[PDB]
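What follows is one structure encoded as structure tokens, with my remarks underneath.
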Amino acid sequence: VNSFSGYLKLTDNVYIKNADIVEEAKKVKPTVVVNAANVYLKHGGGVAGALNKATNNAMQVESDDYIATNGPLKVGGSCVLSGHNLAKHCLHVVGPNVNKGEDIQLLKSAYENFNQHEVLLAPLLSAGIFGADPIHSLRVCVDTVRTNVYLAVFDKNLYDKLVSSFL
Ligand SMILES: O[C@H](c1ccccc1)[C@H]1CCCN1c1ncnc2[nH]ccc12
Ligand SMILES: [Cl-]
């Protein structure tokens, strides 16, 4: 039993809810919140900008030190950093940004990072401003993640389409 509330169950291990991931994180304080990161951990917009704003820029400060030490992530890769005031940990995961020409096949590799954590709150990778089809992203999620994932979809109109079209 966990404290996630109001999710629709899609499969044995995947759940979904129309919700602002920032507001969800502040309520649940999950062990792991997933950020829709880029390789530079520059949290400018989308989910990343919103999560960072909610940490009063502490996420960005920590991220800049991470990059200075380690260099950029790989597309499809991840790192674990602090969750600050939102969660115990933040798993920064880089899905391909179609608007940069990045290989959509890397979306499965990106979701594989979730399997290193038993329970996660997360957005649909590569969706929104990353330019991929959110319906496709949900399919890859369900077919790749085996751990328990609670998906927050910000756009209510998009949420309804994802549910109604889910196979
Ligand atoms: O799939 C969502 C989406 C939202 C709008 C249009 C298309 C897709 C992702 C991708 C872009 C942002 N987003 C979010 N998801 C959950 N919580 C969020 N808080 C702030 C942003 C955000
Ligand atoms: Cl985003």
Side-chain angles (χ1 to χ4, degrees), residues 3-8 10 14-60 63 72-79 81 83-87 89-104 106-111 113-114 117 119-145 148-166:
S3 62
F4 290 103
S5 184
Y7 283 77
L8 181 70
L10 295 171
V14 178
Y15 293 80
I16 197 166
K17 179 184 183 179
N18 171 221
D20 180 347
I21 195 171
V22 172
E23 290 311 314
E24 277 287 295
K26 290 191 284 186
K27 187 72 174 182
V28 174
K29 311 234 198 303
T31 304
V32 180
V33 67
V34 173
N35 182 32
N38 58 54
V39 297
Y40 306 113
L41 302 180
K42 287 309 182 194
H43 308 304
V47 170
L51 292 172
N52 178 57
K53 179 178 175 183
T55 76
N56 185 40
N57 211 50
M59 177 179 286
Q60 191 64 67
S63 293
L73 297 179
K74 301 170 177 176
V75 179
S78 71
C79 67
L81 291 172
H84 300 276
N85 56 318
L86 302 178
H89 306 286
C90 179
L91 181 69
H92 295 272
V93 180
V94 183
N97 188 328
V98 174
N99 305 319
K100 300 180 180 178
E102 295 170 350
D103 189 6
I104 196 62
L106 291 168
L107 186 55
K108 187 173 184 76
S109 299
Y111 274 117
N113 295 284
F114 289 24
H117 303 277
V119 183
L120 316 87
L121 174 61
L124 287 170
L125 302 175
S126 299
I129 67 177
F130 278 62
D133 185 348
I135 299 176
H136 171 66
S137 182
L138 178 55
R139 188 74 260 165
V140 178
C141 181
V142 162
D143 293 340
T144 305
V145 181
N148 290 328
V149 57
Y150 290 83
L151 295 168
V153 179
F154 178 66
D155 192 72
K156 167 61 175 175
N157 282 329
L158 174 55
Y159 171 84
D160 287 341
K161 184 189 186 193
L162 290 162
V163 168
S164 292
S165 65
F166 182 70

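Values reported hereafter were calculated over all heavy atoms of this structure, with side chains retained and with hydrogens, waters and symmetry mates removed. Just so you know, residue 1 is the first one in the sequence shown, and it goes up from there. All ligand and atom numbering here is 1-based and tracks the order in the structure.
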Among protein heavy atoms, which sits nearest to [atom], and what does the distance come to when rounded to 0.1 Å?
| atom | result |
| --- | --- |
| atom 20 (C) of ligand 1 | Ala50 CB, 3.7 Å |
| atom 6 (C) of ligand 1 | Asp155 CB, 4.1 Å |
| atom 2 (C) of ligand 1 | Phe154 N, 4.2 Å |
| atom 19 (N) of ligand 1 | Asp20 OD1, 3.2 Å |
| atom 3 (C) of ligand 1 | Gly128 CA, 4.3 Å |
| atom 1 (O) of ligand 1 | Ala127 CB, 4.0 Å |

Is any side-chain heavy atom of [Y] closer than 4.5 Å to one of [X]?
| X | Y | value |
| --- | --- | --- |
| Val47 | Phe130 | no |
| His136 | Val140 | yes |
| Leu138 | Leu151 | yes |
| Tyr111 | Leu107 | yes |

> Closest heavy-atom contact between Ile104 and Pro96?
Replying inline: CA-CG, 4.1 Å
> Out of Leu51, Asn18, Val47, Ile21, whose heavy atom sits nearest atom 13 (N) of ligand 1?
Replying inline: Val47
>> Show me which atoms of ligand 1 lie under 4.0 Å from any heavy atom of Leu158.
In response: 7 (C), 8 (C)
> Within less than 4.0 angstrom of ligand 1, does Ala152 place any heavy atom?
Replying inline: yes
> Once the angle between the rings of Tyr15 and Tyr150 is folded into 0 to 90°, is it parallel (under 30°), tilted (30 to 60°) or perpendicular (over 60°)?
Replying inline: parallel
>> Test your reading of the model: is there a side-chain donor-acceptor pair from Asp20 to the backbone of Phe154, 3.5 Å cut-off?
In response: no
